[PDB]
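Worksheet: one structure, shown below.
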Ligand SMILES: *[C@@H]1O[C@H](CO)[C@@H](O[C@@H]2O[C@H](CO)[C@@H](O[C@@H]3O[C@H](CO)[C@@H](O)[C@H](O)[C@@H]3O)[C@H](O)[C@H]2NC(C)=O)[C@H](O)[C@H]1NC(C)=O
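Residue numbers (UniProt numbering), protein chains in the order written: chain V, 214 to 245, 261 to 312; chain U, 511 to 560.
Spelled out as structure tokens, the structure:
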């Protein structure tokens, strides 16, 4: 399958005090229809993080993806009504 | 035997147990949870935690 249109999160496990830059990375498999592991990048950006009563993430919008991105970025909301 | 504290720029979390004592309930006090302080009404609290 594909990376679905949906929601996710993560969780910290281990503090690794590396102290040095990292150049490359490589995976480990053992073999020998569409399944694949997708790798892009992470960028020095800023997002929006909406949270619930339980204390869990629900929605998210960038700051610099589009005009709507900075619109939610500064207006400090997810509804965000019309205007300039 | 030699004990060397290697305090490089690397984070400081390998530490010592300072004063872990009986929890002060319902007495207006500050606190020292590893670096954070504040005058707290420290008692059992009614919320879910993760
Ligand atoms: C958010 O916090 C609430 C607070 O407890 C969590 O609620 C718990 O949710 C589970 C299922 O999500 C409930 O289990 C259900 O119990 C009922 C009977 O109470 C049963 O009929 C169902 O079949 C199911 O087993 C659990 O009861 C409920 N807690 C309480 C005290 O009722 C919720 O899981 C938390 N959600 C997240 C995402 O952290």
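Beta carbons are placed, not taken as given, at the ideal position from N, Cα and C, and that holds for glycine.
For this session: Would you verify that the beta carbon of residue 294 of chain V is, or is not, closer than 8 Å to some beta carbon of chain B?
Result: Chain labels in this structure do not include chain B; the protein chains are V and U.
Problem set entry | Inter-residue Cα distance where the pair is residue 262 of chain V and residue 312 of chain V | Their backbone Cα atoms lie some 44 Å apart in a straight line.
For this session: Look at the alpha carbon of residue 299 of chain V and the alpha carbon of residue 242 of chain V, and state the distance between them as a whole number of angstroms.
Result: Near 43 Å, if we compare the C-alpha coordinates of residue 242 of chain V and residue 299 of chain V.
For this session: Using a cut-off of 8 Å between C-beta atoms, extract the partners of residue 225 of chain V located in chain U.
Result: For residue 225 of chain V, there are no C-beta contacts with chain U under 8 Å, since the nearest C-beta of that chain is about 12 Å from it.
For this session: Starting from the beta carbon of residue 280 of chain V, find every residue of chain U whose beta carbon is closer than 8 Å, and list them in chain order.
Result: The premise fails here: residue 280 of chain V is roughly 11 Å from chain U at the closest Cβ pair, so nothing lies under 8 Å.
Exercise. If you check the beta carbons only, do residue 288 of chain V and residue 273 of chain V fall under 8 Å apart?
Worked result: Judged by beta-carbon spacing, residue 273 of chain V lies beyond the 8 Å limit of residue 288 of chain V, meaning their Cβ atoms are not closer than that value.
For this session: Flag residue 544 of chain U as yes when its Cβ comes closer than 7 Å to any non-hydrogen atom of ligand 1, and as no otherwise.
Result: Not so, every heavy atom of ligand 1 lies at least 7 Å from the Cβ.
Exercise. Would you say residue 549 of chain U and residue 540 of chain U are within 8 Å of each other, going by their C-beta atoms?
Worked result: Going by C-beta atoms, residue 549 of chain U is nearer than 8 Å to residue 540 of chain U.
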